[PDB]
Each structure stands twice: as structure tokens, then as C-alpha cells.
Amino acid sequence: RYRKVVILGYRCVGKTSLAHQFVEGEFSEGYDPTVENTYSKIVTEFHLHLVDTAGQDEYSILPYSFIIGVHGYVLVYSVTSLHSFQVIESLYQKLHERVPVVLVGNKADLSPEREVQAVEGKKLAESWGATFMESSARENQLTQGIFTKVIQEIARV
């Protein structure tokens, strides 16, 4: 079963690091601004095509490539950046202007720097009818769950 999932978020929230942890089982402390990557993985039988997008902000205009043919979305913000959490709301609105959406507050490992509480992202997700979780691209355990969830959620809907 072929399925296309688009990862969206503000820049530097860890979109690429999430996708790379999930697919290659590695985390890099480096940084490379994404133009567009695609990561293919077989999740057990679904052929998952992850479209890892360029970071976006409150003014950006999302192209058709992000809306058409998309079976599901992973919307990522960073728990250490409220600005990124504010942008993910805009990005959602632009999106609705129905698919499974999993909302991910990433970089939960960086606890001392947290700005956005779990209960806060959970409520936002609830307001959309989306599933919510937190993660760290540094933990394979935490990262797998995001992507197995969005697939289970597509098989659901």
C-alpha cells in the first residue's frame, strides 16, 4: 500500500532529523536547510513516502504538492520554541484553507529549555481532531511512534 505523508513546520524544529531518525536510525548534530527531501520506508505492508519540506513561516504560501495526493500530515513544532508552536497553527489554518494529522512537539529531550507544555499542544490538536504527541529525534523510540501512528491513523480513516 503506497502512502504519501508530508512533514510541515517552522524551520529548525527537527523535521529532517525526525525523518532521518525514523528511516536511517541516526541523528546528526549538524544543520542543513531543506529544500525538499523524500524518505521512503516500508512500514509493516505500507510503502511510506515521507515528503520532508522546507521550513515555513506565517507568511508562506503552501504549494499544491503539499495538498494533492497527500494521505496524511505530520506537523512539527519544537517544545523549546513557542514561536514555532504559533507558526504551526498558521500552517494548519493554511492547510484547512480532511486528512489524518499528527501534531508533534519535538526536542522534548531539551527539558530545561521547554517553552510549550504538553497540555497546550494536546489541546490544540484536540481542537483540530488531530492526534498529539511529543518526540525527540535523538531517540529512536520516540521518533518511530510518530510515523507508525500516522500510518495506523491513515489505515483507520
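So that there is no doubt, residue numbering starts at 1 and follows the sequence shown.
The entry shows an unbroken chain from residue 32 to residue 33, with no unmodelled residues of the deposited sequence in between. In this entry, residue 44 is separated from residue 45 by 4 to 9 residues of the deposited sequence that have no coordinates.
For the pair 63-71 and 104-112, the record assigns the higher mean C-alpha temperature factor to 63-71. Across the two stretches, 143-151 and 9-17, the PDB entry reports the greater mean Cα temperature factor for 143-151. Of the candidates 97, 26, 52, 120, the PDB record gives 97 the highest C-alpha temperature factor.
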